[PDB]
Trainee: 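Once you've had a glance at the structure underneath, I'll fire off some questions.
So you know, we letter chains A, B, ... as the sequences are listed, proteins then strands, and number each from 1.
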Amino acid sequence: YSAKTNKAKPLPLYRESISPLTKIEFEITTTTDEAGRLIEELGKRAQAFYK
RNA sequence: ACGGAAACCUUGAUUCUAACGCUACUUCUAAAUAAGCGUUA
């Protein structure tokens, strides 16, 4: 989608993708204190990055 | 027709017994298989 053309143009690039609304679990391990603050702040940093 | 003749420096003996080329040590450290879609129509 181009902001200049103001329309969406399709391209020959087809991918195998996970469908929307799929639940996938990850485990994250932290061995120090600073990284613990970083990972406990993964939300509100994701929000700041998205803002 | 010689201070000469005859006479083994010889027999039996394991350079042998015991003794770990052993003790400790992460092939380890960061890293989205990902980015760009212009211009014409």
Trainee: How far, in whole Å, is B:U23 from B:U27 if one measures between their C1' atoms?
Mentor: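 B:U27 and B:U23 have their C1' atoms separated by 22 Å.
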Trainee: Rounded to whole angstrom, note down the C1' distance from B:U26 over to B:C22.
Mentor: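 Between the two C1' atoms, the distance is 22 Å.
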Trainee: Starting at the 5' end of nucleotides 26-33 of chain B, put B wherever the base has a protein heavy atom under 4.0 Å, S where only the sugar-phosphate does, and a dash everywhere else.
Mentor: --------
Trainee: Going by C1'-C2'-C3'-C4', which side is B:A30 on: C3'-endo/north or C2'-endo/south?
Mentor: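 A north sugar, the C1'-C2'-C3'-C4' torsion of B:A30 being greater than zero.
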Trainee: How is the sugar of B:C9 puckered by the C1'-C2'-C3'-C4' sign, north or south?
Mentor: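 Negative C1'-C2'-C3'-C4' torsion, south pucker.
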Trainee: Do any pairs count as a salt bridge (charged side-chain N to carboxylate O under 4.0 Å, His left out) and have a residue in residues 1-18 of chain A, sequence neighbours left out, and if so which ones?
Mentor: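 Salt bridge (charged side-chain N to carboxylate O under 4.0 Å, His left out) check on residues 1-18 of chain A returns no pairs.
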Trainee: Note down whether B:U11 puckers north or south, where north is a positive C1'-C2'-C3'-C4' and south a negative one.
Mentor: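 North is the answer for B:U11, its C1'-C2'-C3'-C4' torsion being positive.
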Trainee: Taking the chi torsion of B:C8, is it syn (within 90° of 0) or anti (everything else)?
Mentor: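 With its glycosidic angle within 90° of zero, B:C8 counts as syn.
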Trainee: Are B:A31 and B:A30 stacked, with six-ring centres under 5.5 Å and planes under 30°?
Mentor: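 Stacking test on this dinucleotide step: yes.
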Trainee: Centre-to-centre below 5.5 angstrom and planes less than 30 degrees apart, is that true for the six-membered base rings of B:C16 and B:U17?
Mentor: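 Ring centres under 5.5 Å and planes under 30°, so yes.
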Trainee: What residues in residues 2-16 of chain A put a non-hydrogen atom under 4.0 Å from any atom of RNA chain B?
Mentor: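 Contacts with RNA chain B under 4.0 Å: A:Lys9, A:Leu11.
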Trainee: Syn or anti for B:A30, given that syn means the glycosidic angle lies within 90° of 0?
Mentor: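 What B:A30 shows is an anti base, its glycosidic angle lying more than 90° from 0.
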Trainee: Runs of at least three consecutive Watson-Crick or G-U pairs, both distances under 3.5 Å, are what I'm after; which ones involve RNA chain B?
Mentor: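 Consecutive-pair runs (3 or more) involving RNA chain B: none.
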Trainee: Roughly how far apart, to the nearest Å, are B:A32 and B:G36 at atom P?
Mentor: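 Roughly 16 Å separates the two P atoms.
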Trainee: Once salt bridge (charged side-chain N to carboxylate O under 4.0 Å, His left out) is applied, what residue pairs with a partner in residues 36-45 of chain A remain, sequence neighbours excluded?
Mentor: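 Checked against salt bridge (charged side-chain N to carboxylate O under 4.0 Å, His left out) - neighbours excluded - the pairs reaching residues 36-45 of chain A are A:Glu34-A:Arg37, A:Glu41-A:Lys44, A:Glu41-A:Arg45.
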Trainee: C1'-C2'-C3'-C4' for B:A7: north (positive) or south (negative)?
Mentor: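 With a negative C1'-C2'-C3'-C4' torsion, B:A7 is south.
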Trainee: For B:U10 and its strand neighbour B:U11, are the base ring centres under 5.5 angstrom apart and the ring planes under 30 degrees apart?
Mentor: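 Stacking holds for this pair.
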Trainee: Indicate every side-chain donor-acceptor pair of residues 20-32 of chain A with a distance under 3.5 Å to a residue at least two apart or in another chain.
Mentor:
residue	atom	partner	partner atom	Å
A:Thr22	OG1	A:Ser19	O	2.9

Trainee: Using the sign of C1'-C2'-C3'-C4', would you call the sugar of B:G21 north or south?
Mentor: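 A south sugar, the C1'-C2'-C3'-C4' torsion of B:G21 being less than zero.
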